[PDB]
Amino acid sequence: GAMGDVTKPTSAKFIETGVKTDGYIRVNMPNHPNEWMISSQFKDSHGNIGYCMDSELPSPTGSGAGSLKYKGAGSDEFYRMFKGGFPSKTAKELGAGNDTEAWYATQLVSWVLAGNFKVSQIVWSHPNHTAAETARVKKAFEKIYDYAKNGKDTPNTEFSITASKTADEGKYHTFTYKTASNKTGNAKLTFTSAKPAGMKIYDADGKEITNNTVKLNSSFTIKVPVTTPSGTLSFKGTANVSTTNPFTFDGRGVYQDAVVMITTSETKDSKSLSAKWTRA
């Protein structure tokens, strides 16, 4: 199995949406019983929601903050928090009564995943919100958290090239292969042995490829002249795909660190394939 190389972002800029809350819960912190966990909703400059990693630092927004430099790649738990939390899932789907509750429930998951406090420290009540409000938040939290901790989905890029059929056609030995991926993009073929003279590559529509590039979720055909001495050819593909993964950014000990889904590129190899032919 191959390992994909995800291109890392270098920085991110965050903007307040205007949504804020004093929180629907409190936390027994080590020196501070029933400490409030207030928050401001923010987005990165491409309009994707950011979540706070540090409960005791201010939001990473305004002229002071500026851009936050890249810190690291978010775990599968953080990936799932985004996929199974707000706004990827609606308030109704999460059991939250409105979008503020759904968002805060997700931020609560973020704080716990980042290690700010344990679930046993959460006080499920707040003086400015009713028990029913807090309980919807609790229900949403538990759904999202359970999925983040125990769900199976990851940002993994699947990529394969698989031989489907072979045939002699006209003046060529032909070898057809199927490409497959769960991400959009294309693949580049690299030949790992000598290429026979007069070798050609064709796309699924029968049109010649001359830039060694193939489509994903498609097919292509390699053609080797029947005049070629008996032997073998080996190759692989390297997919170049678009992928949306969670990344963390550095608040520099002044603003909170923040995690956000960013669309970037990834390269990933297929397995090694061989075409074999015998000269008539």
# chains A, B, ... in the order shown; residues from 1 in each chain; ligands from 1
call {"tool": "closest_atom_pairs", "arguments": {"of": "segment 125-233 of chain A", "to": "segment 16-32 of chain A", "cutoff": "8 Å", "atoms": "only C-alpha atoms", "output": "JSON lines"}}
result
{"residue": "A:125", "atom": "CA", "partner": "A:25", "partner_atom": "CA", "distance": 5.0}
{"residue": "A:126", "atom": "CA", "partner": "A:25", "partner_atom": "CA", "distance": 5.2}
{"residue": "A:128", "atom": "CA", "partner": "A:24", "partner_atom": "CA", "distance": 7.9}
{"residue": "A:129", "atom": "CA", "partner": "A:24", "partner_atom": "CA", "distance": 6.3}
{"residue": "A:133", "atom": "CA", "partner": "A:24", "partner_atom": "CA", "distance": 7.3}
{"residue": "A:134", "atom": "CA", "partner": "A:24", "partner_atom": "CA", "distance": 5.3}
{"residue": "A:137", "atom": "CA", "partner": "A:24", "partner_atom": "CA", "distance": 7.2}
call {"tool": "write_last_selection", "arguments": {"atoms": "N, CA, C and O atoms", "output": "CSV table (one decimal), in the first residue's frame"}}
result
chain,number,residue,atom,x,y,z
A,125,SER,N,-25.3,22.8,32.8
A,125,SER,CA,-26.2,23.8,33.2
A,125,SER,C,-25.5,25.1,33.1
A,125,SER,O,-24.3,25.2,33.3
A,126,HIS,N,-26.3,26.2,32.9
A,126,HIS,CA,-25.8,27.6,32.8
A,126,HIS,C,-26.9,28.5,33.2
A,126,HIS,O,-28.1,28.4,32.8
A,128,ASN,N,-28.0,31.4,32.4
A,128,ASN,CA,-28.6,32.2,31.3
A,128,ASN,C,-29.4,31.4,30.3
A,128,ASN,O,-29.9,31.9,29.3
A,129,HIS,N,-29.4,30.0,30.5
A,129,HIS,CA,-30.1,29.2,29.5
A,129,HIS,C,-30.9,28.1,30.3
A,129,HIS,O,-30.5,27.7,31.4
A,133,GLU,N,-32.7,23.9,26.7
A,133,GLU,CA,-31.6,24.4,25.8
A,133,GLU,C,-30.3,23.6,26.0
A,133,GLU,O,-29.7,23.0,25.1
A,134,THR,N,-29.9,23.5,27.3
A,134,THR,CA,-28.6,22.8,27.6
A,134,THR,C,-28.7,21.3,27.2
A,134,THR,O,-27.8,20.8,26.7
A,137,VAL,N,-28.2,20.8,23.6
A,137,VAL,CA,-26.7,20.9,23.4
A,137,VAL,C,-26.0,19.6,23.8
A,137,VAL,O,-25.1,19.1,23.1
call {"tool": "closest_atom_pairs", "arguments": {"of": "segment 72-172 of chain A", "to": "segment 225-236 of chain A", "cutoff": "12 Å", "atoms": "only C-alpha atoms", "output": "Markdown table"}}
result
| residue | atom | partner | partner_atom | distance |
| --- | --- | --- | --- | --- |
| A:159 | CA | A:236 | CA | 11.2 |
| A:160 | CA | A:236 | CA | 9.6 |
| A:161 | CA | A:236 | CA | 8.0 |
| A:162 | CA | A:236 | CA | 10.4 |
| A:163 | CA | A:236 | CA | 11.8 |
| A:167 | CA | A:226 | CA | 11.2 |
| A:168 | CA | A:226 | CA | 8.1 |
| A:169 | CA | A:226 | CA | 9.3 |
| A:170 | CA | A:226 | CA | 8.8 |
| A:171 | CA | A:226 | CA | 5.7 |
| A:172 | CA | A:225 | CA | 4.4 |
call {"tool": "write_last_selection", "arguments": {"atoms": "N, CA and C atoms", "output": "JSON list (two decimals), in the first residue's frame"}}
result
[["chain", "number", "residue", "atom", "x", "y", "z"],
["A", 159, "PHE", "N", -6.94, 5.17, -4.29],
["A", 159, "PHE", "CA", -6.54, 5.21, -5.69],
["A", 159, "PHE", "C", -6.05, 3.85, -6.15],
["A", 160, "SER", "N", -6.57, 3.41, -7.30],
["A", 160, "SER", "CA", -6.16, 2.15, -7.89],
["A", 160, "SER", "C", -6.18, 2.18, -9.42],
["A", 161, "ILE", "N", -5.24, 1.43, -10.00],
["A", 161, "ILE", "CA", -5.24, 1.09, -11.41],
["A", 161, "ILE", "C", -5.29, -0.42, -11.47],
["A", 162, "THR", "N", -6.28, -0.96, -12.18],
["A", 162, "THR", "CA", -6.52, -2.40, -12.25],
["A", 162, "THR", "C", -6.69, -2.85, -13.70],
["A", 163, "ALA", "N", -5.95, -3.87, -14.10],
["A", 163, "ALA", "CA", -6.04, -4.46, -15.44],
["A", 163, "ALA", "C", -7.42, -5.08, -15.57],
["A", 167, "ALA", "N", -5.95, -7.82, -25.32],
["A", 167, "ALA", "CA", -6.29, -8.36, -26.63],
["A", 167, "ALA", "C", -5.29, -7.92, -27.69],
["A", 168, "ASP", "N", -5.13, -8.75, -28.71],
["A", 168, "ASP", "CA", -4.44, -8.35, -29.92],
["A", 168, "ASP", "C", -5.47, -7.67, -30.83],
["A", 169, "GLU", "N", -5.12, -6.49, -31.33],
["A", 169, "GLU", "CA", -5.99, -5.65, -32.16],
["A", 169, "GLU", "C", -5.11, -4.94, -33.18],
["A", 170, "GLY", "N", -5.39, -5.17, -34.47],
["A", 170, "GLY", "CA", -4.59, -4.60, -35.55],
["A", 170, "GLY", "C", -3.12, -4.98, -35.40],
["A", 171, "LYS", "N", -2.25, -3.98, -35.37],
["A", 171, "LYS", "CA", -0.81, -4.19, -35.26],
["A", 171, "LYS", "C", -0.28, -4.11, -33.80],
["A", 172, "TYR", "N", -1.17, -4.25, -32.81],
["A", 172, "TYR", "CA", -0.81, -4.02, -31.41],
["A", 172, "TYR", "C", -1.28, -5.14, -30.49]]
call {"tool": "select_by_dssp", "arguments": {"residues": "segment 142-211 of chain A", "states": "strand (DSSP E or B)", "output": "PyMOL selection string"}}
result
chain A and resi 159-169+172-181+185-191+200-203+208-209
call {"tool": "closest_atom_pairs", "arguments": {"of": "segment 95-138 of chain A", "to": "segment 40-55 of chain A", "cutoff": "8 Å", "atoms": "only C-alpha atoms", "output": "CSV"}}
result
residue,atom,partner,partner_atom,distance
A:103,CA,A:41,CA,7.9
A:107,CA,A:51,CA,5.9
A:110,CA,A:53,CA,6.3
A:111,CA,A:53,CA,5.6
A:114,CA,A:53,CA,5.5
A:116,CA,A:54,CA,6.5
call {"tool": "write_last_selection", "arguments": {"atoms": "N, CA, C and O atoms", "output": "PDB file, in the first residue's frame"}}
result
ATOM      1  N   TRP A 103     -23.731  24.709  16.516  1.00  0.00           N
ATOM      2  CA  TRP A 103     -22.359  25.199  16.471  1.00  0.00           C
ATOM      3  C   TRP A 103     -21.635  25.043  17.820  1.00  0.00           C
ATOM      4  O   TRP A 103     -20.505  24.553  17.858  1.00  0.00           O
ATOM      5  N   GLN A 107     -18.275  23.024  18.948  1.00  0.00           N
ATOM      6  CA  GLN A 107     -17.136  23.668  19.622  1.00  0.00           C
ATOM      7  C   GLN A 107     -16.790  22.954  20.945  1.00  0.00           C
ATOM      8  O   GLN A 107     -15.624  22.870  21.327  1.00  0.00           O
ATOM      9  N   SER A 110     -14.766  20.055  19.969  1.00  0.00           N
ATOM     10  CA  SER A 110     -13.424  20.561  19.679  1.00  0.00           C
ATOM     11  C   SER A 110     -12.564  20.777  20.945  1.00  0.00           C
ATOM     12  O   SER A 110     -11.408  20.367  20.993  1.00  0.00           O
ATOM     13  N   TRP A 111     -13.143  21.421  21.954  1.00  0.00           N
ATOM     14  CA  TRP A 111     -12.427  21.700  23.201  1.00  0.00           C
ATOM     15  C   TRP A 111     -11.989  20.411  23.909  1.00  0.00           C
ATOM     16  O   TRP A 111     -10.870  20.318  24.383  1.00  0.00           O
ATOM     17  N   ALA A 114      -9.273  18.542  21.858  1.00  0.00           N
ATOM     18  CA  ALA A 114      -7.998  19.253  22.016  1.00  0.00           C
ATOM     19  C   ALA A 114      -7.398  19.122  23.427  1.00  0.00           C
ATOM     20  O   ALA A 114      -6.298  19.574  23.676  1.00  0.00           O
ATOM     21  N   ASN A 116      -8.653  20.282  26.448  1.00  0.00           N
ATOM     22  CA  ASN A 116      -8.812  21.435  27.328  1.00  0.00           C
ATOM     23  C   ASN A 116      -9.437  21.038  28.703  1.00  0.00           C
ATOM     24  O   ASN A 116      -9.120  21.619  29.727  1.00  0.00           O
TER      25      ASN A 116
END
call {"tool": "residues_around", "arguments": {"residues": "residue 237 of chain A", "least_positions_apart": "4", "cutoff": "10 Å", "atoms": "only C-alpha atoms", "output": "PyMOL selection string"}}
result
chain A and resi 159-161+179+186-191+212-214+268-273
call {"tool": "write_last_selection", "arguments": {"atoms": "N, CA and C atoms", "output": "CSV table (one decimal), in the first residue's frame"}}
result
chain,number,residue,atom,x,y,z
A,159,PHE,N,-6.9,5.2,-4.3
A,159,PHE,CA,-6.5,5.2,-5.7
A,159,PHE,C,-6.1,3.8,-6.2
A,160,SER,N,-6.6,3.4,-7.3
A,160,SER,CA,-6.2,2.1,-7.9
A,160,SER,C,-6.2,2.2,-9.4
A,161,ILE,N,-5.2,1.4,-10.0
A,161,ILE,CA,-5.2,1.1,-11.4
A,161,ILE,C,-5.3,-0.4,-11.5
A,179,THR,N,-9.1,2.9,-13.9
A,179,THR,CA,-8.7,3.8,-12.8
A,179,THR,C,-9.9,4.0,-11.8
A,186,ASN,N,-6.6,13.7,-11.5
A,186,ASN,CA,-6.1,12.8,-12.6
A,186,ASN,C,-4.8,12.1,-12.1
A,187,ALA,N,-4.3,11.2,-12.9
A,187,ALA,CA,-3.1,10.5,-12.6
A,187,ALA,C,-2.0,10.5,-13.7
A,188,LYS,N,-0.8,10.5,-13.3
A,188,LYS,CA,0.4,10.5,-14.2
A,188,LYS,C,1.0,9.1,-14.1
A,189,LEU,N,1.2,8.5,-15.3
A,189,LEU,CA,1.9,7.2,-15.4
A,189,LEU,C,3.4,7.4,-15.4
A,190,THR,N,4.1,6.5,-14.6
A,190,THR,CA,5.5,6.5,-14.6
A,190,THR,C,5.9,5.0,-15.0
A,191,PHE,N,6.7,4.9,-16.0
A,191,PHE,CA,7.2,3.6,-16.5
A,191,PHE,C,8.5,3.2,-15.7
A,212,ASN,N,1.2,11.4,-20.9
A,212,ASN,CA,1.2,10.3,-19.8
A,212,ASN,C,0.2,10.5,-18.7
A,213,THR,N,-0.9,11.2,-19.0
A,213,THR,CA,-2.0,11.6,-18.0
A,213,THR,C,-3.3,10.8,-18.3
A,214,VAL,N,-3.9,10.3,-17.3
A,214,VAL,CA,-5.1,9.5,-17.4
A,214,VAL,C,-6.2,10.1,-16.5
A,268,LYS,N,-0.7,10.4,-4.6
A,268,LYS,CA,-0.7,9.1,-4.1
A,268,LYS,C,-0.5,8.0,-5.3
A,269,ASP,N,0.4,7.1,-5.0
A,269,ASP,CA,0.7,6.0,-6.0
A,269,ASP,C,-0.3,4.9,-6.0
A,270,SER,N,-0.5,4.3,-7.2
A,270,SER,CA,-1.1,3.0,-7.4
A,270,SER,C,-0.1,1.9,-7.0
A,271,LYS,N,-0.5,0.7,-7.1
A,271,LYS,CA,0.4,-0.4,-7.1
A,271,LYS,C,1.2,-0.5,-8.5
A,272,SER,N,2.2,-1.3,-8.5
A,272,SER,CA,3.0,-1.6,-9.7
A,272,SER,C,2.2,-2.6,-10.5
A,273,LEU,N,2.1,-2.3,-11.8
A,273,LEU,CA,1.4,-3.2,-12.8
A,273,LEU,C,2.4,-3.7,-13.9
call {"tool": "closest_residue", "arguments": {"among": "A:121, A:240, A:176, A:256", "to": "residue 158 of chain A", "atoms": "only C-alpha atoms"}}
result
A:240
call {"tool": "residues_around", "arguments": {"residues": "residue 199 of chain A", "least_positions_apart": "4", "cutoff": "8 Å", "atoms": "only C-alpha atoms", "output": "PyMOL selection string"}}
result
chain A and resi 195+222-225
call {"tool": "closest_residue", "arguments": {"among": "A:35, A:203, A:153, A:99", "to": "residue 123 of chain A", "atoms": "only C-alpha atoms"}}
result
A:35
call {"tool": "select_by_dssp", "arguments": {"residues": "segment 38-228 of chain A", "states": "alpha helix (DSSP H)", "output": "PyMOL selection string"}}
result
chain A and resi 62-65+76-84+91-94+99-113+131-150
call {"tool": "residues_around", "arguments": {"residues": "residue 221 of chain A", "least_positions_apart": "2", "cutoff": "6 Å", "atoms": "only C-alpha atoms", "output": "short mmCIF file (atom, residue, chain, number, x, y, z; two decimals) with C-alpha atoms, in the first residue's frame"}}
result
data_model
loop_
_atom_site.label_atom_id
_atom_site.label_comp_id
_atom_site.auth_asym_id
_atom_site.auth_seq_id
_atom_site.Cartn_x
_atom_site.Cartn_y
_atom_site.Cartn_z
CA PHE A 175 -3.72 -3.82 -22.35
CA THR A 176 -6.73 -2.03 -20.84
CA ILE A 201 -1.52 5.02 -24.76
CA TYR A 202 -5.25 5.66 -25.44
#
call {"tool": "residues_around", "arguments": {"residues": "residue 95 of chain A", "least_positions_apart": "4", "cutoff": "12 Å", "atoms": "only C-alpha atoms", "output": "MDAnalysis selection string"}}
result
chainID A and resid 85:86 89:91 99 101:103 105 132:144
call {"tool": "residues_around", "arguments": {"residues": "residue 145 of chain A", "least_positions_apart": "5", "cutoff": "9 Å", "atoms": "only C-alpha atoms", "output": "PDB file with N, CA and C atoms, in the first residue's frame"}}
result
ATOM      1  N   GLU A  77     -10.088  12.153  14.314  1.00  0.00           N
ATOM      2  CA  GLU A  77     -11.138  12.579  15.250  1.00  0.00           C
ATOM      3  C   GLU A  77     -11.651  13.970  14.866  1.00  0.00           C
ATOM      4  N   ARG A  80     -13.679  13.842  11.599  1.00  0.00           N
ATOM      5  CA  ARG A  80     -15.035  13.394  11.871  1.00  0.00           C
ATOM      6  C   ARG A  80     -15.880  14.422  12.611  1.00  0.00           C
ATOM      7  N   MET A  81     -15.269  15.219  13.485  1.00  0.00           N
ATOM      8  CA  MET A  81     -15.999  16.291  14.160  1.00  0.00           C
ATOM      9  C   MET A  81     -16.624  17.227  13.122  1.00  0.00           C
ATOM     10  N   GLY A  84     -19.345  15.147  10.933  1.00  0.00           N
ATOM     11  CA  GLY A  84     -20.523  14.791  11.737  1.00  0.00           C
ATOM     12  C   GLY A  84     -21.100  15.896  12.602  1.00  0.00           C
ATOM     13  N   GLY A  85     -20.519  17.088  12.525  1.00  0.00           N
ATOM     14  CA  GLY A  85     -20.942  18.246  13.313  1.00  0.00           C
ATOM     15  C   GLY A  85     -21.423  19.398  12.425  1.00  0.00           C
ATOM     16  N   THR A 106     -20.670  21.564  18.675  1.00  0.00           N
ATOM     17  CA  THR A 106     -19.501  21.164  17.915  1.00  0.00           C
ATOM     18  C   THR A 106     -18.227  21.763  18.540  1.00  0.00           C
ATOM     19  N   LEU A 108     -17.812  22.447  21.627  1.00  0.00           N
ATOM     20  CA  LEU A 108     -17.601  21.700  22.863  1.00  0.00           C
ATOM     21  C   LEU A 108     -16.794  20.421  22.578  1.00  0.00           C
ATOM     22  N   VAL A 109     -17.171  19.694  21.525  1.00  0.00           N
ATOM     23  CA  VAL A 109     -16.383  18.556  21.016  1.00  0.00           C
ATOM     24  C   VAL A 109     -14.936  18.972  20.704  1.00  0.00           C
ATOM     25  N   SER A 110     -14.766  20.055  19.969  1.00  0.00           N
ATOM     26  CA  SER A 110     -13.424  20.561  19.679  1.00  0.00           C
ATOM     27  C   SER A 110     -12.564  20.777  20.945  1.00  0.00           C
ATOM     28  N   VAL A 112     -12.884  19.427  23.948  1.00  0.00           N
ATOM     29  CA  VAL A 112     -12.608  18.126  24.561  1.00  0.00           C
ATOM     30  C   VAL A 112     -11.553  17.361  23.771  1.00  0.00           C
ATOM     31  N   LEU A 113     -11.708  17.279  22.454  1.00  0.00           N
ATOM     32  CA  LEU A 113     -10.715  16.613  21.593  1.00  0.00           C
ATOM     33  C   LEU A 113      -9.336  17.227  21.703  1.00  0.00           C
ATOM     34  N   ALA A 140     -26.748  16.845  21.188  1.00  0.00           N
ATOM     35  CA  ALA A 140     -25.901  17.129  20.014  1.00  0.00           C
ATOM     36  C   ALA A 140     -24.426  16.818  20.245  1.00  0.00           C
ATOM     37  N   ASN A 150     -15.412   7.337  17.917  1.00  0.00           N
ATOM     38  CA  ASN A 150     -15.687   5.933  17.581  1.00  0.00           C
ATOM     39  C   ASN A 150     -16.056   5.647  16.138  1.00  0.00           C
TER      40      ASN A 150
END
call {"tool": "atom_distance", "arguments": {"atom1": "atom CA of residue 239 of chain A", "atom2": "atom CA of residue 181 of chain A"}}
result
8.6 Å
call {"tool": "atom_distance", "arguments": {"atom1": "atom CA of residue 14 of chain A", "atom2": "atom CA of residue 246 of chain A"}}
result
14.8 Å
call {"tool": "atom_distance", "arguments": {"atom1": "atom CA of residue 98 of chain A", "atom2": "atom CA of residue 258 of chain A"}}
result
23.4 Å
call {"tool": "closest_residue", "arguments": {"among": "A:34, A:3, A:58, A:11", "to": "residue 255 of chain A", "atoms": "only C-alpha atoms"}}
result
A:58
call {"tool": "decode", "arguments": {"residues": "segment 186-205 of chain A", "atoms": "N, CA, C and O atoms", "output": "PDB file, in the first residue's frame"}}
result
ATOM      1  N   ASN A 186      -6.592  13.678 -11.482  1.00  0.00           N
ATOM      2  CA  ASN A 186      -6.068  12.818 -12.562  1.00  0.00           C
ATOM      3  C   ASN A 186      -4.850  12.063 -12.059  1.00  0.00           C
ATOM      4  O   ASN A 186      -4.438  12.256 -10.915  1.00  0.00           O
ATOM      5  N   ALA A 187      -4.290  11.209 -12.903  1.00  0.00           N
ATOM      6  CA  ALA A 187      -3.079  10.469 -12.574  1.00  0.00           C
ATOM      7  C   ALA A 187      -2.049  10.544 -13.697  1.00  0.00           C
ATOM      8  O   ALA A 187      -2.393  10.654 -14.872  1.00  0.00           O
ATOM      9  N   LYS A 188      -0.791  10.484 -13.283  1.00  0.00           N
ATOM     10  CA  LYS A 188       0.368  10.487 -14.163  1.00  0.00           C
ATOM     11  C   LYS A 188       0.983   9.097 -14.145  1.00  0.00           C
ATOM     12  O   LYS A 188       1.246   8.542 -13.075  1.00  0.00           O
ATOM     13  N   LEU A 189       1.223   8.534 -15.328  1.00  0.00           N
ATOM     14  CA  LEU A 189       1.889   7.239 -15.431  1.00  0.00           C
ATOM     15  C   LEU A 189       3.404   7.392 -15.408  1.00  0.00           C
ATOM     16  O   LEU A 189       3.937   8.277 -16.067  1.00  0.00           O
ATOM     17  N   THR A 190       4.080   6.550 -14.632  1.00  0.00           N
ATOM     18  CA  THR A 190       5.536   6.455 -14.629  1.00  0.00           C
ATOM     19  C   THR A 190       5.904   5.030 -14.991  1.00  0.00           C
ATOM     20  O   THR A 190       5.458   4.076 -14.350  1.00  0.00           O
ATOM     21  N   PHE A 191       6.731   4.886 -16.022  1.00  0.00           N
ATOM     22  CA  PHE A 191       7.207   3.573 -16.455  1.00  0.00           C
ATOM     23  C   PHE A 191       8.491   3.233 -15.727  1.00  0.00           C
ATOM     24  O   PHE A 191       9.435   4.019 -15.718  1.00  0.00           O
ATOM     25  N   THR A 192       8.491   2.073 -15.082  1.00  0.00           N
ATOM     26  CA  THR A 192       9.583   1.646 -14.207  1.00  0.00           C
ATOM     27  C   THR A 192      10.522   0.651 -14.871  1.00  0.00           C
ATOM     28  O   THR A 192      11.491   0.230 -14.258  1.00  0.00           O
ATOM     29  N   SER A 193      10.239   0.296 -16.124  1.00  0.00           N
ATOM     30  CA  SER A 193      11.146  -0.459 -16.983  1.00  0.00           C
ATOM     31  C   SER A 193      11.223   0.228 -18.340  1.00  0.00           C
ATOM     32  O   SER A 193      10.566   1.243 -18.578  1.00  0.00           O
ATOM     33  N   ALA A 194      12.040  -0.340 -19.222  1.00  0.00           N
ATOM     34  CA  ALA A 194      12.161   0.098 -20.604  1.00  0.00           C
ATOM     35  C   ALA A 194      10.822   0.066 -21.336  1.00  0.00           C
ATOM     36  O   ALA A 194      10.086  -0.908 -21.241  1.00  0.00           O
ATOM     37  N   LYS A 195      10.512   1.141 -22.043  1.00  0.00           N
ATOM     38  CA  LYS A 195       9.320   1.203 -22.884  1.00  0.00           C
ATOM     39  C   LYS A 195       9.676   0.667 -24.271  1.00  0.00           C
ATOM     40  O   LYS A 195      10.632   1.150 -24.885  1.00  0.00           O
ATOM     41  N   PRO A 196       8.902  -0.308 -24.780  1.00  0.00           N
ATOM     42  CA  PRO A 196       9.147  -0.736 -26.164  1.00  0.00           C
ATOM     43  C   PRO A 196       8.908   0.404 -27.158  1.00  0.00           C
ATOM     44  O   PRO A 196       8.052   1.270 -26.921  1.00  0.00           O
ATOM     45  N   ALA A 197       9.680   0.404 -28.242  1.00  0.00           N
ATOM     46  CA  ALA A 197       9.515   1.389 -29.315  1.00  0.00           C
ATOM     47  C   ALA A 197       8.102   1.329 -29.883  1.00  0.00           C
ATOM     48  O   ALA A 197       7.509   0.229 -29.994  1.00  0.00           O
ATOM     49  N   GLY A 198       7.554   2.507 -30.196  1.00  0.00           N
ATOM     50  CA  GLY A 198       6.217   2.583 -30.821  1.00  0.00           C
ATOM     51  C   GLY A 198       5.061   2.309 -29.864  1.00  0.00           C
ATOM     52  O   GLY A 198       3.932   2.122 -30.301  1.00  0.00           O
ATOM     53  N   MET A 199       5.333   2.288 -28.554  1.00  0.00           N
ATOM     54  CA  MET A 199       4.278   2.118 -27.556  1.00  0.00           C
ATOM     55  C   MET A 199       3.361   3.343 -27.569  1.00  0.00           C
ATOM     56  O   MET A 199       3.827   4.458 -27.647  1.00  0.00           O
ATOM     57  N   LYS A 200       2.064   3.111 -27.517  1.00  0.00           N
ATOM     58  CA  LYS A 200       1.072   4.185 -27.427  1.00  0.00           C
ATOM     59  C   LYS A 200       0.102   3.940 -26.273  1.00  0.00           C
ATOM     60  O   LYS A 200      -0.092   2.817 -25.846  1.00  0.00           O
ATOM     61  N   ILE A 201      -0.498   5.029 -25.809  1.00  0.00           N
ATOM     62  CA  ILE A 201      -1.519   5.018 -24.758  1.00  0.00           C
ATOM     63  C   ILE A 201      -2.785   5.700 -25.295  1.00  0.00           C
ATOM     64  O   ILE A 201      -2.702   6.747 -25.940  1.00  0.00           O
ATOM     65  N   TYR A 202      -3.946   5.103 -25.041  1.00  0.00           N
ATOM     66  CA  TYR A 202      -5.245   5.657 -25.444  1.00  0.00           C
ATOM     67  C   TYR A 202      -6.202   5.807 -24.266  1.00  0.00           C
ATOM     68  O   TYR A 202      -6.200   4.973 -23.359  1.00  0.00           O
ATOM     69  N   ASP A 203      -7.004   6.877 -24.259  1.00  0.00           N
ATOM     70  CA  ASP A 203      -8.057   7.080 -23.247  1.00  0.00           C
ATOM     71  C   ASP A 203      -9.262   6.180 -23.543  1.00  0.00           C
ATOM     72  O   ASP A 203      -9.250   5.419 -24.512  1.00  0.00           O
ATOM     73  N   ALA A 204     -10.294   6.278 -22.709  1.00  0.00           N
ATOM     74  CA  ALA A 204     -11.501   5.444 -22.826  1.00  0.00           C
ATOM     75  C   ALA A 204     -12.302   5.673 -24.094  1.00  0.00           C
ATOM     76  O   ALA A 204     -13.066   4.799 -24.484  1.00  0.00           O
ATOM     77  N   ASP A 205     -12.154   6.852 -24.707  1.00  0.00           N
ATOM     78  CA  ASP A 205     -12.849   7.206 -25.957  1.00  0.00           C
ATOM     79  C   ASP A 205     -12.055   6.784 -27.206  1.00  0.00           C
ATOM     80  O   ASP A 205     -12.494   7.049 -28.329  1.00  0.00           O
TER      81      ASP A 205
END
